[PDB]
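A look at the structure
The residues making up each chain are set out below.
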Amino acid sequence: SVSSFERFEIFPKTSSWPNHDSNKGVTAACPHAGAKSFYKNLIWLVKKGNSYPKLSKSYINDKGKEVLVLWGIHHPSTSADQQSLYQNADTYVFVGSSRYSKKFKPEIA
């Protein structure tokens, strides 16, 4: 039960992604309209060429209201795909919020 529901580009695709860059985050898991696609409110990280440095996107996205943010931790299949999507194996993911802290660990299986 909600009284207001807005949608704004928290992390715009056209900007704010200079280092990993790229937009080819499509997959066959969600192939609507006969084409590889992905979640609209989510972005699959793909390296630009063979570079994938650390990411820091500390944002406020604060409009005087509670803002719901969603994200996924991609666990790959083979180590070849890990270096074909991220160029490094031993990574870590951390979402730093005043109410939520988590040090993620990727898994290859």
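Residues numbered from 1 in each chain as written, not as in the entry; some residues may be left out. Part of a larger assembly, values for the part shown. Heavy atoms only, no water.

This entry, as listed in the PDB, derives from X-ray crystallography and reports a resolution of 3.25 Å.

This next bit is on the overall build of the protein chain. The secondary structure content of the protein chain amounts to one helix and two strands. Each helix and strand of the protein chain, ordered N terminal to C terminal, gives the series α-β-β. Dimensions of the protein chain, computed from the C-alpha atoms along their principal axes, are close to 45 × 35 × 25 Å. Out of the 109 residues in the protein chain, the part that is buried amounts to 15%. Of the contacts formed within the protein chain by residues at least 6 apart in sequence, a portion of 62% connects residues at least 24 apart. (Helix = DSSP H or I, 4+ residues; strand = E, 2+ residues; numbered from the N terminus. Buried < 20%, exposed > 50% of the residue type's maximum accessible area, 1.4 Å probe, protein only. Contact = heavy atoms within 4.5 Å.)

In this section: a nonpolar patch on the surface. Taken together, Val67, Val69, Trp71 and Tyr100 make up a surface patch of nonpolar side chains, about 310 Å² in accessible area. Tracing the backbone shows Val69 in the segment before α1 (79–83). You can call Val69 partly exposed: its relative accessible area is 38%. (Patch = residues over 30% accessible without salt bridge, like charges linked within 9 Å, V, L, I, M, F, W, Y side chains within 5 Å. Areas by Shrake-Rupley, 256 points an atom, 1.4 Å probe, with all protein chains shown as cover. Salt bridge = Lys/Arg side-chain N within 4 Å of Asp/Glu carboxyl O.)

In this structure the tally under the stated criterion is one salt bridge. A salt bridge links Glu6 to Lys65, with the nearest nitrogen and oxygen atoms 3.2 Å apart. A residue pair is termed long-range when its members are at least 10 positions apart, and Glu6 in the segment before α1 and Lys65 in the segment before α1 qualify at 59 residues. Judged by its relative accessible area of 40%, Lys65 is partly exposed.

Another point: the environment of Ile73. Residue placement: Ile73 occurs in the segment before α1. Taking the C-alpha atoms as reference, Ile73 lies 7.8 Å from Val93; in sequence the two are 20 residues apart. Not counting residues within four places of it along the chain, the set of residues in contact with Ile73 comprises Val93 and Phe104.

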